[PDB]
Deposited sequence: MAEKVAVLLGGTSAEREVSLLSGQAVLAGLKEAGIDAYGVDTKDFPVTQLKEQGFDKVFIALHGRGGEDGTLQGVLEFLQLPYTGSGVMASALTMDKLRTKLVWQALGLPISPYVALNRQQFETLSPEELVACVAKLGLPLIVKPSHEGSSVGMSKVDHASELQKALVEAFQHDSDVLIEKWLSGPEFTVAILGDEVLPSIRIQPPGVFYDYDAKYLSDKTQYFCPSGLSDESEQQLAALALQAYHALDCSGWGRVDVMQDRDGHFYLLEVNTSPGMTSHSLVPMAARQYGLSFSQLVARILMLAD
């Protein structure tokens, strides 16, 4: 028998409005492919009831907290419903920038040189010893919470204020060597790597506000560089145990080498979002994209 598919959308995260748009687009793409899909605004409907309500399969179009962080995936594993995108471990692990980095680093994959600091070290160390802890990174530096509170630090004297700000939001903090850019993103669909996209933010960070931002696809990279980036992205994604689909974010340094930033396990699916753009460049319609993502669940 045919499957009843729930498209989970909206929710209660900061990204609710983007997720309503993603879910609305996904819903229309699936129906255009003949899939018996229904929109479910998880703000109003508890995801714990999906099986009771008769669903066989779930397409996840939520973003942020409660969507791409393992929680929802856990609920779905408890109900034993197949769902799109990565599983519990990978969905959660990809929210943790420290542990993401550690896994990549143990596998010899390139990440920006950095220093991790917990609250305990922050409380037992003088600024001066903090400066010495990060001296080997040079300048300038990025300071961020391991899971908002981000700063660019240009001079050693600015470090303290940045740490204080970052520890407001988290008990683990990362201090990274600044990378010149540019920034890229690489979408992955099943085992296929899609064409990369170069991203130019209006300011210093490709942050929430930036997500005036410019996107280029094709990225402008040479063919050799694209092949390198594709292979690297795939490794980065398999390293964190991702599956189904996702987006890998990457940055160049001044030397032209790539460095891994993060993997996003529930990407934006609006008409103007990154994955649909890359899919289009790859030769897929939006409807084909979403039907393919669904087919890769289970």
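- Item | Deposited-sequence ranges lacking C-alpha coordinates, in sequence order | Gaps vs deposited seq, in order: 148-151, 216-219.
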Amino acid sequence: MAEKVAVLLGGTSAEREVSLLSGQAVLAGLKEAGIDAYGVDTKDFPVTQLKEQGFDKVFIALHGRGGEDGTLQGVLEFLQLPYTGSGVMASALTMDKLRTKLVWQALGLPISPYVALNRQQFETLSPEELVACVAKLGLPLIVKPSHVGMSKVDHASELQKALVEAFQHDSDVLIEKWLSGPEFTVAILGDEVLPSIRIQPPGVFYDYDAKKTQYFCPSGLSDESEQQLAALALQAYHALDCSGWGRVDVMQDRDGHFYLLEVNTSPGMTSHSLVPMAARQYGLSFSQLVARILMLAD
From here on, numbers count along this sequence of modelled residues.
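For clarity, a rigid core is taken as the largest C-alpha set superposing within 1.5 Å between two forms.
- Line up the rigid core: which moves more in 5 other deposited structures of this protein, 122-130 or 187-195, by C-alpha RMS? Higher root mean square deviation of C-alphas in 5 other deposited structures of this protein is shown by 122-130.
- Greater root mean square CA deviation, 9-17 compared with 273-281 in 5 other deposited structures of this protein, core aligned: Of 9-17 and 273-281, the stretch deviating more in 5 other deposited structures of this protein is 9-17.
- Query: Is it true that residue 173 goes unbuilt in a third or more of the other compared entries of this protein?
  - Reply: No; none of the other entries leave residue 173 out.
- Checking the other entries of this protein that model its neighbours, is residue 150 missing in at least a third? No, residue 150 is modelled in every one of the other compared entries that cover both of its flanks.
- Message: Highest mean C-alpha temperature factor of the two stretches 155-163 and 92-100, which is it?
- Response: According to the entry, 155-163 carries the higher average C-alpha B-factor.
- Which is higher on average in the deposited entry, the C-alpha temperature factors of 231-239 or of 254-262? 254-262 has the higher mean C-alpha B-factor.
- Can you tell me which of 110, 82, 182, 149 has the highest Cα temperature factor in the record? The C-alpha B-factor peaks, among 110, 82, 182, 149, at 149.
- Query: Of 219, 86, 120, 71, which one's C-alpha B factor is largest in the deposited record?
  - Reply: That would be 120.
- Among the chain's modelled residues, which third holds the C-alpha B-factor of residue 196? Middle third, going by the recorded CA B-factors of the chain.
- residue 105 - which third its CA temperature factor falls in, relative to the rest of the chain: Its C-alpha B-factor, which the entry lists for residue 105, ranks in the lowest third among residues of this chain.
- B-factor third for the C-alpha atom of residue 5 within its chain: Lowest third, going by the recorded CA B-factors of the chain.
- Determine, from the deposited record, the chain-internal third of the Cα B-factor for residue 206: lowest, middle or highest. For residue 206, the deposited C-alpha B-factor lands in the highest third.
- In terms of the CA temperature factor given in the entry, to which third of its chain does residue 226 belong: lowest, middle or highest? Its C-alpha B-factor, which the entry lists for residue 226, ranks in the middle third among residues of this chain.
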